[PDB]
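Shown next as C-alpha cells: one chain only, the form deposited in one PDB entry.
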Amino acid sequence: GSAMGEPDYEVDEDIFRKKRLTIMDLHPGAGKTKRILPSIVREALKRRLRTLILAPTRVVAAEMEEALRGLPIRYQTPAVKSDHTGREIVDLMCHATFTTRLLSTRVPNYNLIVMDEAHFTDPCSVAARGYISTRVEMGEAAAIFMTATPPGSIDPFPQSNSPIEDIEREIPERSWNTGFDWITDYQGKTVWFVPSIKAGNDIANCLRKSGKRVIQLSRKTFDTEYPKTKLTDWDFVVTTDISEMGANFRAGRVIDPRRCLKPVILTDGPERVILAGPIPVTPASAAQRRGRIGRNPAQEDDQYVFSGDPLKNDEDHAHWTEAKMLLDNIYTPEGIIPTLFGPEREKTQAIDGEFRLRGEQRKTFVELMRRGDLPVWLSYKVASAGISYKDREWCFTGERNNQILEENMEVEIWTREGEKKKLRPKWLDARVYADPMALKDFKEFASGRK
C-alpha cells in the first residue's frame, strides 16, 4: 500500500513478464504519473531491466521528472537536463523521438517499455505502439500502456478527484470587446485551450488589456514559460494542446472550444493533404482537457466550460495513414516489420506492406522528415518517387493548379544557383504552405537552403 503522496511499495510482478502488455486505464488525476510510474521504475531497476519511458510531450516529460527526481534515469529530451553517467539502464524520451530513432538504428534492446499517454493520435506515437506491441508478442519485452482515455473512449466527462461543474457556453475564437463577461469576472485561475498560436496570441493580448496576468504556452514558448505556470502567480494560461495531457496547473477552470484543424488526405482526384476544419475534437481530447481540473480533492468547485459535442470519427485524419507509412519502414532486430497495435488496426484500408521503401528511398524518407521538416505524407510521396533529399526539382514541376499563392500572388523561389522559379510542387500538403511561417520554411526548402 501507499499514502496519497508517495508511490506504492508493492508492485505487481505480473507486469514485468515478457509477452505481457498491461493497459492501465485509470481516470485523470489517479496518480498514474506521480505515483504509479516511480513504482514501476523502482522495481525495474531492482529487476535490472533495460527500460524505456515514453512521454507524448515535453510537458508530460517534465511532470515525470518531478515524480522521478533522484532516480538514475537518462533524459533524452530538451525538457529535462540532468547529470548522467552513461551507464543508466532507464531511458526517458518523447514518443516521436523514439520513432525517428527507430527509422534512423541501432536502439537498445529494451526488456521493459512504459508508454505514458498511450492514446496519443500523433502518427509517430501510433507507430511506436505498433513496434512496442510487436516486441511484446515476440517475447522480447514487457510493456505498459498508461492512459485515462484508451482507444475506444467515448466519455468526455470521466471521474475526477473532485466534483467538476460542466458548463456549455459559447466561447470566443478571436478577440471580443463585449458579450463575454463570465470570462473576466471569474475570480480563479483559468486554462484556455486554443487550436493555434496565432489564435492564442489574439486571445492573450485581449485578456491582458483587461488587467489579466496571461502566460501563453506552446511548442515555441515552453522553455521560458512553462516553469512560470508552476512557481509563479497568474490568472490565465492560454495554451495549444501541448498541455492537453499530464499538465498539472493549480487551476480552477478549463475553457475548451473543442475545435481544431485536421490534416486530411484527399483521394477525390490527385492525392493531396488539406487542413480541414475547424472541426470538433475527439472525446479523448476533450476528456484530457477537462482532466486538467478537478484534480484537487481539497478544491470542490472547479469548472469545465465547453462548446459543442466531440466527434469520435477521425478516420479521414491523415495520421492513421502516416503511422502506417512510418511503421512499414520500421524493423525489429530479428527482421520483422511490426503490425499496428490491435485497437488501432483498420483505421484506414492500406495493404500489408504497401508503404515499404527499399534501400536509398528509406534513407531519403527519414531525411525528408528530420532534415527537411516535412510531413510524413509529403516525405513519403517524394521519397517513393526515387528523388534524393537534395534534388528540389519536384518543388517546381507540379501541374498548373499546384501553384502556391501567398497574399494572392504567385510565390517565386530564388534557387541556390541564382535561378528564379515558381513554387509549384508536384504534391500538395497544406501543412507546408497554410501558415505563413510554415511557407517561409518551405520556401527555404525549395531554395536549396535546408
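Just count from 1 along the sequence shown to find any residue number.
One more form of this protein should be noted, the form solved in complex with a small molecule, which is absent from this view; the next part is about it.
Stretch 28-36 is the answer when you ask which of 28-36, 407-415, 41-49, 386-394 has residues with heavy atoms within 4.5 Å of the small molecule in the deposited bound form. The small molecule is not drawn, but in the deposited bound form it has a heavy atom within 4.5 Å of residue 148. Under a 4.5 angstroms non-hydrogen atom cutoff, the small molecule in the deposited bound form has residue 246 among its neighbouring residues.
The small molecule is not shown here, and in the deposited bound form it never comes within 4.5 Å of any heavy atom of residue 328. Although the partner is absent here, residue 250 is a contact residue: one of its heavy atoms lies within 4.5 angstroms of the small molecule in the deposited bound form.
Here is the short version: of 322, 256, 302, 117, the single residue with a heavy atom within 4.5 Å of the small molecule in the deposited bound form is 117. This chain is drawn without the small molecule; in the deposited bound form, the residue among 221, 77, 161, 100 with a heavy atom within 4.5 Å of it is 161.
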